[PDB]
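**Q** Sending over a structure as structure tokens; questions will come in a sec.
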Amino acid sequence: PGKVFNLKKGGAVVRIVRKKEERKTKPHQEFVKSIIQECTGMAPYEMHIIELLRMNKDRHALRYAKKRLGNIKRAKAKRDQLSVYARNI
Amino acid sequence: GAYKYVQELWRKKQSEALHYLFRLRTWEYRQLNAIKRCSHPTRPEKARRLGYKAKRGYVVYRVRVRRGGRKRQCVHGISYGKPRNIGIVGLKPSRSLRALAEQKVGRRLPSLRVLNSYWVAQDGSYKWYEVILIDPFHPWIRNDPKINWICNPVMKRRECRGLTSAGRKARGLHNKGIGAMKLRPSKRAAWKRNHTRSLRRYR
Amino acid sequence: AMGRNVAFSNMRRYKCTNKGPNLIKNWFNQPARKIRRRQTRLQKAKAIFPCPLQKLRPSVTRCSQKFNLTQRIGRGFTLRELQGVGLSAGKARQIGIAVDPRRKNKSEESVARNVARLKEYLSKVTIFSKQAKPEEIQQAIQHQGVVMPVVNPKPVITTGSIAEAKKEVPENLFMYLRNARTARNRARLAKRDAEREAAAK
Amino acid sequence: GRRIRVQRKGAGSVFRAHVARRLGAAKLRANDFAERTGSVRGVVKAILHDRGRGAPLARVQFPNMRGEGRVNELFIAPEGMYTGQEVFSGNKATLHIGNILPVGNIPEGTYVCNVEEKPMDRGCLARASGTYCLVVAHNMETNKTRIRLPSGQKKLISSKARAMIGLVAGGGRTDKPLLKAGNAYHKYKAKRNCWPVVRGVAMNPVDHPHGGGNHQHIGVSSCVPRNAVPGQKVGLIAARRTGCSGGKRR
Amino acid sequence: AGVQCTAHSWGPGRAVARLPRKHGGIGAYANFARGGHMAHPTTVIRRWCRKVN
RNA sequence: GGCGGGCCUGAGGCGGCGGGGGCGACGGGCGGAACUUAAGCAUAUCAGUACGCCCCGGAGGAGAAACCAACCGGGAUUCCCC
RNA sequence: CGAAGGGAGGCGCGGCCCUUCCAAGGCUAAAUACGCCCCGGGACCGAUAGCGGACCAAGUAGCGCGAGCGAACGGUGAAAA
RNA sequence: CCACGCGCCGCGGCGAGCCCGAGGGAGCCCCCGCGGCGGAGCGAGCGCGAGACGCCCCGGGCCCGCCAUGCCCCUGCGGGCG
RNA sequence: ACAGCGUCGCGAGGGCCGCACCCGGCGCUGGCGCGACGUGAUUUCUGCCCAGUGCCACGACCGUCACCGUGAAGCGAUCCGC
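Protein chains in written order, with this note's numbering: chain A, 1 to 89; chain B, 90 to 292; chain C, 293 to 493; chain D, 494 to 743; chain E, 744 to 796.
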């Protein structure tokens, strides 16, 4: 176990010090991305995932993504962005 | 204003535009010597992030570092000893190619002081880093308080003492907290303190 | 002795005894160190003769459920606590209060502790300005040691009514305590049994 | 344990070539604009003996097209070259023993020496005593010419490559028996330190892999694998066949 | 002290005792040899102080 | 194809200023053993030691948390006690 | 091979949280360490000891091609009378 | 021989306590001064948790934990009792 | 050791060696050459044996035999194929 057993672990009152506010890229950063993607285009690996999203399918797309990106959480999100381009292309 | 955009395009290195630009550059850098002086920082945005300012006394030098693993210096390949020290070519070096780059220019120009280095290009056999060196006796550098610290005697040949950014990473200093507790003052200094037998007068 | 019943020694073998870095640290300089630190302390005191050598530091609960009852001195007062007294961090440092933005009170009771400490210090402090005022400065008296030293009060017995107290405690408190402790294990095992029951028909 | 004599030969400390008093590097004249579009006159000033080579080298003096000088080039001397002979080099060069002309130009069946493996290599094949290369055929479409090297093996060479008409002099030298150990000592003084040769089965176990036992025997098959490590390759290497059989033309 | 010199036991067979001897053949590096290290050299690691309650 | 300028890369020369080498310690970076212990000996241990090389400074390194924790919680680093 | 909100929470993996922080740029005094050298003290050794070396000339005289090695040697008397 | 670790013995102080730790006190052998160790064990662990005798010793008996077993019942794979 | 005698590899985009690496030697060489080995001038001859062990074969392509890469399955670590 990693917490003592106290029936009433609340002699003091917490200060609710925390912030839901999460780092947001903002339209300032988003505008840069739109202008940069406009000219530079997608990456060769990312382009391949877009084809798989319309062909071999999502398990295959995630497998290709995970190998390249290296994190399941990152891979799923990259897949989600590439999916919005590919599916709505 | 322009910098937040250049940064995004340098993140997209595998883009067609930058793949052409980098193939023209690796070509030139294979054509030139290992360390050559650059008039402008090739990447101004990355240099400014690492501390370059366009004032007299700040110099940029581009260095070529051979890619690959390490071969132990040995005669006829034979390392005489316990079998755990037998390997001669499989070992990989402890200091990064970025760290090696700064320590090369440090010997070539021992008068100048290296603030930081950055990645400029790479092909199969070599990697190119650009190092920011500062002249510590320049009139402009000496009277500018932001970079006066490099003019201080302790900050001399930091490349050699691993005080540079890449040298610290190799010493494990970049990471703190658990898992880096036994490598803080130094890996040797921690070792001496942890291994010291303190004979107290009342003990 | 020679074999027989001896617990095995867990002292590590000496290293670097003949060659290498000195792994023996002698303490014959210890008495001399004491005189040195006092002499450095005396010299520093004179440099700021009216001001105390130690800055005001905050009372802070000692960490862990082991020492959670007691309080010790921390690096600096939180911005919220200084705001409660009404002092900005820079103004507070001039008065002598160390400020730590990193610290978060973690309670409303912690803030009250320190705000009261800050309030008392403000009364105890006297700001000698007016350019040079030598006569007031001569009798200023420098505070010596830690400022407002933290006091940890000992437990004192109190009087309570068994009848009212028996109202909060359930009868058979042990059953209530042992049930709460094992609820997770009891609940998981009974879910494990529900799956087995579901997986029979 | 010790490094074998083959391993020690690579370093070159005492096993290097004795290049003292060697006349120079015998090579064909450089391909240039005058050779490509015409002929370059030469005269044979002198035929001399190189210390290492058993073949005579000839100092032929051609005019310097670049300057006002007369260039001196050391050539392998094909048999019959005479002091005073005029030699012509180029695409339009004639067909007399001595002339250097593109291999394609030379007719099939001629004996040619100092042939170039690839054009403008300034000399590569058939440059030893009495060794000639025969022109076998000329592929007009591929501009490739087949030639029989003095080993018998046939190689295809670009017709653009140059060669000298004739068979190298000093031919029939091997025919004479050396006869004495002394005429051998005097022979390799000019070349490297590669004589006298000690048989490995005479050397102790530590010096040579054949080594030494109570009786002088190799003790293992002389034939050694192609992938033998540097110190291991001492016996006959990659031997397809061994022994004196006869009828080996098949 | 006594370790500063370089002495090696000459060895058996030379009719001399096997104790480290210098170039000259002078006995060295032993508690019994003149100029040798003391067998157990005094050190400051000793406890010079005794605790009292 | 010749000719003037601007830029951008490069050369040769002059000045002004700096670098180099030294100290049996401490301090940082790197390369790196073996004897030894295991009652043998390979992993291990010795030892992240000797030694080699390379940099400082009066100290050096470290240093203001992509920290620890799990609480009636602390709060840069360094040294000490445990 | 390569991201984007990421890091961590001392048993990996995929979810769901909860606490905590912001890497890939830089500076910073103090408390700490320590030899030569100088100063002072010692339950230290007393000339085969104590540094190799107390001797006006010790890393000296000598030795080894060289790297390197490496000694011996204190005392007249109060006054040289 | 010395240092450190261990086992046991003898002594001295104090006793459910005990303790020149580092340190700090115009303080020198004086003063103040935490951990630690002991006072509870046992079970891999979740966890649970000793009184019944007794000059002393020694066995016996019981109690606590761990491994079972069978009963009873609340705040239930929980509790209690054998 | 030697002359003599055979066997062996190699046509330079190559062989055989040196070699922490950068780079070298043979080689200012080129098959009447260079390296590797045996036997040891003549005179006279060298038989039989490819089982085994070597060696050699775009000599094959069966059976085996890796990384990758690519199939399925999975929440993914992964796991089975090919």
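Beta carbons are placed, not taken as given, at the ideal position from N, Cα and C, and that holds for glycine.
Can you name, in chain order, every residue of its own chain whose Cβ lies under 6 Å from the Cβ of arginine 367 of chain C, other than the five neighbours on each side?
**A** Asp392, listed in sequence order.
**Q** Under the assumption that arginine 132 of chain B contacts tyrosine 218 of chain B (Cβ atoms under 8 Å), give the Cβ distance between them as a whole number of angstroms.
**A** That pair is no contact at about 11 Å.
**Q** If we define contact as Cβ-Cβ less than 7 Å, is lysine 794 of chain E a contact residue for chain B?
**A** yes
**Q** Should the segment 684 to 695 of chain D be regarded as contacting the segment 446 to 462 of chain C, the criterion being three or more beta carbon pairs within less than 8 Å?
**A** no
**Q** In three-state terms, what does DSSP make of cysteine 127 of chain B?
**A** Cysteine 127 of chain B sits in a strand when the DSSP states are folded into three classes.
**Q** To the nearest angstrom, how far is the alpha carbon of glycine 659 of chain D from that of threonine 624 of chain D?
**A** Taking the straight line joining both Cα atoms gives about 9 Å.
**Q** In whole angstroms, give me the CA-to-CA distance for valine 553 of chain D and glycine 583 of chain D.
**A** 15 Å
**Q** Based on DSSP bridge pairs, tell me the residues matched to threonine 353 of chain C.
**A** C/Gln363
**Q** Give the secondary structure of residue 289 of chain C by DSSP, where H, G and I count as helix, E and B as strand, and everything else as coil.
**A** Past the boundaries of the shown model lies residue 289 of chain C; chain C is included only from 293 to 493, so the question cannot be answered.
**Q** Using 7 Å as the limit for Cβ to Cβ distance, is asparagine 471 of chain C near chain B?
**A** no
**Q** Under 7 Å between beta-carbons, which chain B residues line up against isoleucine 788 of chain E? List them in chain order, please.
**A** Proximity of chain B to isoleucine 788 of chain E at the Cβ level (cut-off 7 Å) is accounted for by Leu288, in chain order.
**Q** If contact is defined by three or more beta carbon pairs under 8 Å, each pair taking one atom from either stretch, is the segment 510 to 530 of chain D in contact with the segment 555 to 562 of chain D?
**A** yes
**Q** Which term fits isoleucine 72 of chain A, buried or exposed, when burial requires 16 or more other beta carbons within 10 angstroms of its beta carbon?
**A** Residue burial annotation: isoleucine 72 of chain A is exposed, with fewer than 16 other C-beta atoms found within 10 angstroms of its C-beta.
**Q** Once the 5 residues before and after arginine 145 of chain B are set aside, which same chain residues still bring their CB inside 7 Å of it?
**A** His227 and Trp229
**Q** Tell me the residue span of the beta strand (DSSP E) that contains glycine 503 of chain D.
**A** Here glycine 503 of chain D belongs to no beta strand (DSSP E); instead the alpha helix (DSSP H) covers 498 to 504.
**Q** Going by beta carbon distance, what residues of the same chain come within less than 6 Å of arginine 126 of chain B, once the five residues before and after it are set aside?
**A** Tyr150
**Q** From the DSSP output, in three-state form, read off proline 344 of chain C for me.
**A** coil
**Q** Which residue spans inside the segment 121 to 181 of chain B form an unbroken alpha helix (DSSP H) run of at least 4?
**A** 133 to 139
**Q** Are the CB atoms of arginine 156 of chain B and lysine 216 of chain B nearer to each other than 7 Å?
**A** A Cβ-Cβ contact shorter than 7 Å links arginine 156 of chain B with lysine 216 of chain B.
**Q** So, at 8 Å on beta carbons, what are the nonlocal neighbours of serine 351 of chain C in its own chain, with the 5 sequence-adjacent residues on each side left out?
**A** In the same chain as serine 351 of chain C, and ignoring 5 residues on each side of it, the C-beta atoms closer than 8 Å to its own belong to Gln363, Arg364, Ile365, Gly366, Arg405, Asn406, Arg409 and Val442, in chain order.
**Q** Just how far apart, CA to CA, sit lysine 358 of chain C and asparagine 6 of chain A?
**A** 13 Å
**Q** At the level of alpha carbons, what is the spacing between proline 234 of chain B and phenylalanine 320 of chain C?
**A** 44 Å
**Q** Which two residues bound the contiguous beta strand (DSSP E) that contains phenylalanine 555 of chain D?
**A** 549 to 556
**Q** Could you work out which residues of chain B lie near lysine 317 of chain C, taking near to mean beta carbons separated by less than 8 Å?
**A** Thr285, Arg286, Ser287 and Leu288
**Q** Along the segment 365 to 378 of chain C, where does the CB come closer than 9 Å to a CB of chain A? Name the residues.
**A** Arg372
**Q** Beta carbon of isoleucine 599 of chain D, beta carbon of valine 628 of chain D: below 7 Å?
**A** yes
**Q** Just how far apart, CA to CA, sit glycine 251 of chain B and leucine 272 of chain B?
**A** 14 Å
**Q** In chain order, what residues of the same chain lie with their CB nearer than 7 Å to the CB of residue 492 of chain D, ignoring the 5 residues before and after it?
**A** Absent from the structure is residue 492 of chain D, since the part of chain D shown begins at 494 and ends at 743.
**Q** Do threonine 285 of chain B and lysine 307 of chain C have their CB atoms nearer than 7 Å?
**A** In terms of Cβ geometry, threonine 285 of chain B and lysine 307 of chain C do not form a close pair [threshold 7 Å].
**Q** Give the straight-line distance between the Cα atoms of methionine 696 of chain D and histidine 766 of chain E, rounded to the nearest whole angstrom.
**A** 39 Å
**Q** Along chain A, in chain order, which residues have C-beta atoms closer than 9 Å to that of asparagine 444 of chain C?
**A** In chain order: nothing, as chain A lies at least about 17 Å away.
**Q** According to DSSP, is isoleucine 267 of chain B helix, strand or coil?
**A** coil
**Q** Please list the partners that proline 313 of chain C has in chain B, where partner means a Cβ-to-Cβ separation under 7 Å.
**A** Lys281
**Q** Counting Cβ pairs, one atom from each stretch, are 3 or more of them under 8 Å apart for the segment 464 to 472 of chain C and the segment 371 to 383 of chain C?
**A** no
**Q** Excluding five sequence neighbours on each side, which residues of the same chain lie with their C-beta closer than 8 Å to the C-beta of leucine 69 of chain A?
**A** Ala75 and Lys78
**Q** So which residues of chain E does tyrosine 291 of chain B contact, with C-beta pairs closer than 8 Å?
**A** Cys792 and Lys794
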